[PDB]
$ cat query.pdb   # PDB, C-alpha atoms
ATOM      1  CA  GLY S  19      -0.647  -3.413  13.329  1.00  0.00           C
ATOM      2  CA  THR S  20      -4.372  -2.865  12.694  1.00  0.00           C
ATOM      3  CA  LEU S  21      -4.838  -5.596  10.058  1.00  0.00           C
ATOM      4  CA  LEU S  22      -8.285  -7.182   9.763  1.00  0.00           C
ATOM      5  CA  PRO S  23      -9.462 -10.812   9.201  1.00  0.00           C
ATOM      6  CA  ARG S  24     -10.691 -11.981   5.812  1.00  0.00           C
ATOM      7  CA  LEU S  25     -14.340 -11.061   5.268  1.00  0.00           C
ATOM      8  CA  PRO S  26     -17.004 -13.782   5.149  1.00  0.00           C
ATOM      9  CA  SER S  27     -16.987 -15.469   1.734  1.00  0.00           C
ATOM     10  CA  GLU S  28     -19.957 -15.241  -0.581  1.00  0.00           C
ATOM     11  CA  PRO S  29     -21.307 -17.367  -3.449  1.00  0.00           C
ATOM     12  CA  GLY S  30     -19.959 -16.142  -6.788  1.00  0.00           C
ATOM     13  CA  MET S  31     -18.044 -13.324  -5.085  1.00  0.00           C
ATOM     14  CA  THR S  32     -14.292 -12.819  -4.978  1.00  0.00           C
ATOM     15  CA  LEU S  33     -12.007 -11.950  -2.094  1.00  0.00           C
ATOM     16  CA  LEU S  34      -8.615 -10.366  -2.673  1.00  0.00           C
ATOM     17  CA  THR S  35      -5.548 -10.941  -0.552  1.00  0.00           C
ATOM     18  CA  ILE S  36      -2.444  -8.887  -1.205  1.00  0.00           C
ATOM     19  CA  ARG S  37       0.914 -10.071  -0.010  1.00  0.00           C
ATOM     20  CA  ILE S  38       3.133  -7.028   0.458  1.00  0.00           C
ATOM     21  CA  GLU S  39       6.653  -8.264  -0.073  1.00  0.00           C
ATOM     22  CA  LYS S  40       8.992  -5.308   0.036  1.00  0.00           C
ATOM     23  CA  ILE S  41       9.426  -1.681  -0.918  1.00  0.00           C
ATOM     24  CA  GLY S  42      12.540  -0.064  -2.375  1.00  0.00           C
ATOM     25  CA  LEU S  43      13.755   3.311  -1.047  1.00  0.00           C
ATOM     26  CA  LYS S  44      17.206   4.867  -1.487  1.00  0.00           C
ATOM     27  CA  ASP S  45      17.164   5.456   2.267  1.00  0.00           C
ATOM     28  CA  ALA S  46      15.161   2.331   3.141  1.00  0.00           C
ATOM     29  CA  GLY S  47      17.456   1.194   5.965  1.00  0.00           C
ATOM     30  CA  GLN S  48      17.371   4.596   7.605  1.00  0.00           C
ATOM     31  CA  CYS S  49      13.619   4.700   8.247  1.00  0.00           C
ATOM     32  CA  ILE S  50      12.721   3.972  11.868  1.00  0.00           C
ATOM     33  CA  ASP S  51       9.764   1.732  12.774  1.00  0.00           C
ATOM     34  CA  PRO S  52       8.326   1.632   9.178  1.00  0.00           C
ATOM     35  CA  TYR S  53       4.949   0.238   8.147  1.00  0.00           C
ATOM     36  CA  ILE S  54       2.238   0.653   5.531  1.00  0.00           C
ATOM     37  CA  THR S  55      -1.348   1.888   5.621  1.00  0.00           C
ATOM     38  CA  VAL S  56      -3.658   0.271   3.110  1.00  0.00           C
ATOM     39  CA  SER S  57      -6.899   1.945   2.099  1.00  0.00           C
ATOM     40  CA  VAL S  58      -9.409   1.845  -0.754  1.00  0.00           C
ATOM     41  CA  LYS S  59     -10.773   5.145  -2.022  1.00  0.00           C
ATOM     42  CA  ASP S  60     -13.421   6.083  -4.557  1.00  0.00           C
ATOM     43  CA  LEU S  61     -12.737   8.604  -7.306  1.00  0.00           C
ATOM     44  CA  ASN S  62     -13.403  11.337  -4.738  1.00  0.00           C
ATOM     45  CA  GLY S  63     -10.736   9.946  -2.448  1.00  0.00           C
ATOM     46  CA  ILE S  64     -13.129   8.736   0.218  1.00  0.00           C
ATOM     47  CA  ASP S  65     -12.791   5.440   2.056  1.00  0.00           C
ATOM     48  CA  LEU S  66     -14.861   2.593   0.643  1.00  0.00           C
ATOM     49  CA  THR S  67     -13.643   0.317   3.377  1.00  0.00           C
ATOM     50  CA  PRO S  68     -11.982   0.454   6.767  1.00  0.00           C
ATOM     51  CA  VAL S  69      -8.296   1.417   6.748  1.00  0.00           C
ATOM     52  CA  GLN S  70      -5.674  -1.131   7.869  1.00  0.00           C
ATOM     53  CA  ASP S  71      -2.103  -0.735   9.165  1.00  0.00           C
ATOM     54  CA  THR S  72       0.644  -3.358   8.813  1.00  0.00           C
ATOM     55  CA  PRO S  73       2.843  -4.115  11.843  1.00  0.00           C
ATOM     56  CA  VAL S  74       6.307  -2.550  11.803  1.00  0.00           C
ATOM     57  CA  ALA S  75       8.570  -4.164   9.163  1.00  0.00           C
ATOM     58  CA  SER S  76      10.361  -7.451   9.884  1.00  0.00           C
ATOM     59  CA  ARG S  77      13.604  -6.553   8.125  1.00  0.00           C
ATOM     60  CA  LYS S  78      15.166  -3.441   6.715  1.00  0.00           C
ATOM     61  CA  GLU S  79      18.045  -3.426   4.266  1.00  0.00           C
ATOM     62  CA  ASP S  80      19.941  -0.442   2.885  1.00  0.00           C
ATOM     63  CA  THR S  81      17.567  -0.143  -0.056  1.00  0.00           C
ATOM     64  CA  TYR S  82      14.675  -2.382   0.958  1.00  0.00           C
ATOM     65  CA  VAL S  83      12.143  -2.788   3.735  1.00  0.00           C
ATOM     66  CA  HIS S  84      10.739  -6.309   3.938  1.00  0.00           C
ATOM     67  CA  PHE S  85       7.172  -6.939   5.146  1.00  0.00           C
ATOM     68  CA  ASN S  86       5.925 -10.223   3.693  1.00  0.00           C
ATOM     69  CA  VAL S  87       2.504  -9.678   5.204  1.00  0.00           C
ATOM     70  CA  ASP S  88      -0.978 -10.313   3.774  1.00  0.00           C
ATOM     71  CA  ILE S  89      -3.703  -7.725   3.434  1.00  0.00           C
ATOM     72  CA  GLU S  90      -7.314  -8.784   3.147  1.00  0.00           C
ATOM     73  CA  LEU S  91      -9.456  -6.455   1.097  1.00  0.00           C
ATOM     74  CA  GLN S  92     -12.346  -5.362   3.245  1.00  0.00           C
ATOM     75  CA  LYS S  93     -15.011  -5.582   0.509  1.00  0.00           C
ATOM     76  CA  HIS S  94     -15.644  -8.022  -2.317  1.00  0.00           C
ATOM     77  CA  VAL S  95     -14.030  -6.999  -5.631  1.00  0.00           C
ATOM     78  CA  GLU S  96     -17.272  -6.977  -7.627  1.00  0.00           C
ATOM     79  CA  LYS S  97     -18.550  -4.498  -5.020  1.00  0.00           C
ATOM     80  CA  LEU S  98     -15.870  -1.833  -5.486  1.00  0.00           C
ATOM     81  CA  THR S  99     -17.013   1.145  -7.554  1.00  0.00           C
ATOM     82  CA  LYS S 100     -15.352   1.531 -10.948  1.00  0.00           C
ATOM     83  CA  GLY S 101     -13.218   4.460  -9.818  1.00  0.00           C
ATOM     84  CA  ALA S 102     -11.840   2.825  -6.674  1.00  0.00           C
ATOM     85  CA  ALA S 103      -8.102   2.581  -6.127  1.00  0.00           C
ATOM     86  CA  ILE S 104      -6.120   0.767  -3.502  1.00  0.00           C
ATOM     87  CA  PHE S 105      -3.579   2.965  -1.704  1.00  0.00           C
ATOM     88  CA  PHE S 106      -0.341   1.950   0.012  1.00  0.00           C
ATOM     89  CA  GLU S 107       1.321   4.614   2.159  1.00  0.00           C
ATOM     90  CA  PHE S 108       4.829   4.154   3.565  1.00  0.00           C
ATOM     91  CA  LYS S 109       4.945   5.591   7.077  1.00  0.00           C
ATOM     92  CA  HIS S 110       7.976   5.889   9.381  1.00  0.00           C
ATOM     93  CA  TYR S 111       8.957   7.513  12.690  1.00  0.00           C
ATOM     94  CA  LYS S 112      10.932  10.773  12.565  1.00  0.00           C
ATOM     95  CA  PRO S 113      13.477  10.482  15.432  1.00  0.00           C
ATOM     96  CA  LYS S 114      14.003  14.217  16.024  1.00  0.00           C
ATOM     97  CA  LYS S 115      10.606  15.688  15.171  1.00  0.00           C
ATOM     98  CA  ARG S 116       9.198  12.834  17.280  1.00  0.00           C
ATOM     99  CA  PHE S 117       6.328  11.769  14.982  1.00  0.00           C
ATOM    100  CA  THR S 118       5.093   9.457  12.231  1.00  0.00           C
ATOM    101  CA  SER S 119       5.126  10.853   8.692  1.00  0.00           C
ATOM    102  CA  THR S 120       3.990   9.497   5.338  1.00  0.00           C
ATOM    103  CA  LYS S 121       6.965   9.506   2.998  1.00  0.00           C
ATOM    104  CA  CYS S 122       5.383   8.204  -0.174  1.00  0.00           C
ATOM    105  CA  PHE S 123       2.457   6.315  -1.622  1.00  0.00           C
ATOM    106  CA  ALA S 124       1.791   3.791  -4.361  1.00  0.00           C
ATOM    107  CA  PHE S 125      -1.685   2.992  -5.686  1.00  0.00           C
ATOM    108  CA  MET S 126      -3.332   0.464  -7.979  1.00  0.00           C
ATOM    109  CA  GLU S 127      -6.603   0.716  -9.838  1.00  0.00           C
ATOM    110  CA  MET S 128      -9.501  -1.679 -10.156  1.00  0.00           C
ATOM    111  CA  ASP S 129      -8.420  -2.786 -13.628  1.00  0.00           C
ATOM    112  CA  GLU S 130      -5.045  -3.800 -12.239  1.00  0.00           C
ATOM    113  CA  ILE S 131      -6.467  -6.403  -9.884  1.00  0.00           C
ATOM    114  CA  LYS S 132      -5.245  -9.749 -11.195  1.00  0.00           C
ATOM    115  CA  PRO S 133      -3.367 -12.722  -9.737  1.00  0.00           C
ATOM    116  CA  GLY S 134       0.396 -12.740  -9.809  1.00  0.00           C
ATOM    117  CA  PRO S 135       3.138 -10.287  -8.876  1.00  0.00           C
ATOM    118  CA  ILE S 136       2.856  -6.558  -9.580  1.00  0.00           C
ATOM    119  CA  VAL S 137       5.394  -3.754  -9.008  1.00  0.00           C
ATOM    120  CA  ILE S 138       4.133  -0.222  -8.373  1.00  0.00           C
ATOM    121  CA  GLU S 139       6.086   3.050  -8.486  1.00  0.00           C
ATOM    122  CA  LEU S 140       6.297   5.464  -5.553  1.00  0.00           C
ATOM    123  CA  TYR S 141       4.950   9.006  -5.358  1.00  0.00           C
ATOM    124  CA  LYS S 142       5.967  11.878  -3.084  1.00  0.00           C
ATOM    125  CA  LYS S 143       3.993  12.777   0.023  1.00  0.00           C
ATOM    126  CA  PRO S 144       1.511  14.164   0.620  1.00  0.00           C
ATOM    127  CA  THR S 145      -0.662  11.316  -0.617  1.00  0.00           C
ATOM    128  CA  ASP S 146      -3.232  12.449  -3.180  1.00  0.00           C
ATOM    129  CA  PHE S 147      -6.225  10.156  -2.723  1.00  0.00           C
ATOM    130  CA  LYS S 148      -7.812  11.313  -5.984  1.00  0.00           C
ATOM    131  CA  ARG S 149      -4.342  10.693  -7.452  1.00  0.00           C
ATOM    132  CA  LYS S 150      -4.585  13.735  -9.748  1.00  0.00           C
ATOM    133  CA  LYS S 151      -1.249  15.469  -9.034  1.00  0.00           C
ATOM    134  CA  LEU S 152       1.771  13.177  -8.680  1.00  0.00           C
ATOM    135  CA  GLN S 153       5.512  13.687  -8.193  1.00  0.00           C
ATOM    136  CA  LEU S 154       7.671  10.626  -8.855  1.00  0.00           C
ATOM    137  CA  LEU S 155       9.680   9.826  -5.704  1.00  0.00           C
ATOM    138  CA  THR S 156      12.692   8.508  -7.638  1.00  0.00           C
ATOM    139  CA  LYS S 157      13.444   7.423 -11.194  1.00  0.00           C
ATOM    140  CA  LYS S 158      15.536   4.695  -9.599  1.00  0.00           C
ATOM    141  CA  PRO S 159      14.195   1.114  -9.935  1.00  0.00           C
ATOM    142  CA  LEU S 160      13.198   0.862  -6.248  1.00  0.00           C
ATOM    143  CA  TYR S 161       9.484  -0.126  -6.187  1.00  0.00           C
ATOM    144  CA  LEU S 162       6.750  -1.663  -4.024  1.00  0.00           C
ATOM    145  CA  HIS S 163       6.487  -5.400  -4.511  1.00  0.00           C
ATOM    146  CA  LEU S 164       3.178  -7.101  -4.179  1.00  0.00           C
ATOM    147  CA  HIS S 165       1.602 -10.440  -5.079  1.00  0.00           C
ATOM    148  CA  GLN S 166      -2.186 -10.629  -5.414  1.00  0.00           C
ATOM    149  CA  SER S 167      -4.488 -13.563  -4.555  1.00  0.00           C
ATOM    150  CA  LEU S 168      -8.088 -13.702  -5.838  1.00  0.00           C
ATOM    151  CA  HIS S 169     -10.477 -16.106  -4.102  1.00  0.00           C
ATOM    152  CA  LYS S 170     -13.538 -17.818  -5.590  1.00  0.00           C
TER     153      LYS S 170
END

$ encode --input "query.pdb" --output "structure tokens"
Amino acid sequence: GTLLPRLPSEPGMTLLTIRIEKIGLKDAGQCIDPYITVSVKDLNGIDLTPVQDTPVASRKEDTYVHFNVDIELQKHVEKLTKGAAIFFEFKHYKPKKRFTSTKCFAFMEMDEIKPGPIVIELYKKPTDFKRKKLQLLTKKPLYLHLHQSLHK
């Protein structure tokens, strides 16, 4: 885990916290030491904030990996450029090849930042930070489950 503390609050500014609940994957339970990397890129796909990594998942299940962890957005909402997008990359350890690979990614755009649950689809690695070319990981209803919290 490389998760950061909530940023210092500001008058009239909003902070966003994103509880990552779970992610569906037809081979969910088979992934070893799985976690997620959360970043925020501009339209050009460049980091607008420091990248964070969630600790390895609490519970796996045949078709679901449970996290139930909170992510603090490292920049106030009304300070993110219009083209920003928040990326979630599912990473796991490949037993034989002995390394960590990014299996898929899900992303949400500025205009999708609102309180309440939100389910995002999953796209095939390699992650496209400009999100211009996408291959759906599975038409199956196995998604990424998040809940968003907007402060002040």

$ resolve_selection --input "query.pdb" --expression "the PyMOL selection byres ((chain S and resi 41) around 8)" --output "list in words"
residues 39, 40, 42, 43, 82, 83, 84, 160, 161, 162 and 163 of chain S

$ write_last_selection --input "query.pdb" --atoms "C-alpha atoms" --output "PDB file, in the frame of the given file"
ATOM      1  CA  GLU S  39       6.653  -8.264  -0.073  1.00  0.00           C
ATOM      2  CA  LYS S  40       8.992  -5.308   0.036  1.00  0.00           C
ATOM      3  CA  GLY S  42      12.540  -0.064  -2.375  1.00  0.00           C
ATOM      4  CA  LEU S  43      13.755   3.311  -1.047  1.00  0.00           C
ATOM      5  CA  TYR S  82      14.675  -2.382   0.958  1.00  0.00           C
ATOM      6  CA  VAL S  83      12.143  -2.788   3.735  1.00  0.00           C
ATOM      7  CA  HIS S  84      10.739  -6.309   3.938  1.00  0.00           C
ATOM      8  CA  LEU S 160      13.198   0.862  -6.248  1.00  0.00           C
ATOM      9  CA  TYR S 161       9.484  -0.126  -6.187  1.00  0.00           C
ATOM     10  CA  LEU S 162       6.750  -1.663  -4.024  1.00  0.00           C
ATOM     11  CA  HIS S 163       6.487  -5.400  -4.511  1.00  0.00           C
TER      12      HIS S 163
END

$ axis_aligned_box --input "query.pdb" --around "segment 149-157 of chain S" --padding-each-side "4 Å" --output "JSON"
{"center_x": 4.4, "center_y": 11.4, "center_z": -8.4, "size_x": 26.0, "size_y": 16.0, "size_z": 13.5}

$ resolve_selection --input "query.pdb" --expression "the PyMOL selection byres ((chain S and resi 85-90) around 7)" --output "ChimeraX atom specification"
/S:22-24,34-40,75-76,83-84,91-92

$ residues_near_point --input "query.pdb" --point "(6.2, 13.2, -5.1)" --cutoff "8 Å" --atoms "all atoms listed in the file" --output "MDAnalysis selection string"
chainID S and resid 122 140:144 152:155

$ resolve_selection --input "query.pdb" --expression "the PyMOL selection byres ((chain S and resi 62) around 10)" --output "number ranges by chain"
S: 59-61, 63-65, 101-102, 147-149

$ atom_distance --input "query.pdb" --atom1 "atom CA of residue 99 of chain S" --atom2 "atom CA of residue 134 of chain S"
22.4 Å

$ residues_near_point --input "query.pdb" --point "(-1.6, -4.2, 13.8)" --cutoff "6 Å" --atoms "all atoms listed in the file" --output "PyMOL selection string"
chain S and resi 19-21+71-73

$ residues_around --input "query.pdb" --residues "residue 126 of chain S" --least-positions-apart "6" --cutoff "9 Å" --atoms "all atoms listed in the file" --output "ChimeraX atom specification"
/S:102-106,138

$ closest_residue --input "query.pdb" --among "S:169, S:110, S:51, S:127" --to "residue 26 of chain S" --atoms "only C-alpha atoms"
S:169

$ atom_distance --input "query.pdb" --atom1 "atom CA of residue 79 of chain S" --atom2 "atom CA of residue 57 of chain S"
25.6 Å

$ residues_around --input "query.pdb" --residues "residue 93 of chain S" --least-positions-apart "6" --cutoff "8 Å" --atoms "all atoms listed in the file" --output "ChimeraX atom specification"
/S:25,33,67

$ residues_around --input "query.pdb" --residues "residue 135 of chain S" --least-positions-apart "2" --cutoff "9 Å" --atoms "all atoms listed in the file" --output "PyMOL selection string"
chain S and resi 132-133+137+163-166

$ closest_residue --input "query.pdb" --among "S:129, S:157, S:111, S:70" --to "residue 50 of chain S" --atoms "all atoms listed in the file"
S:111

$ closest_residue --input "query.pdb" --among "S:49, S:54, S:128, S:136" --to "residue 98 of chain S" --atoms "all atoms listed in the file"
S:128

$ closest_residue --input "query.pdb" --among "S:80, S:32, S:55, S:125" --to "residue 68 of chain S" --atoms "only C-alpha atoms"
S:55
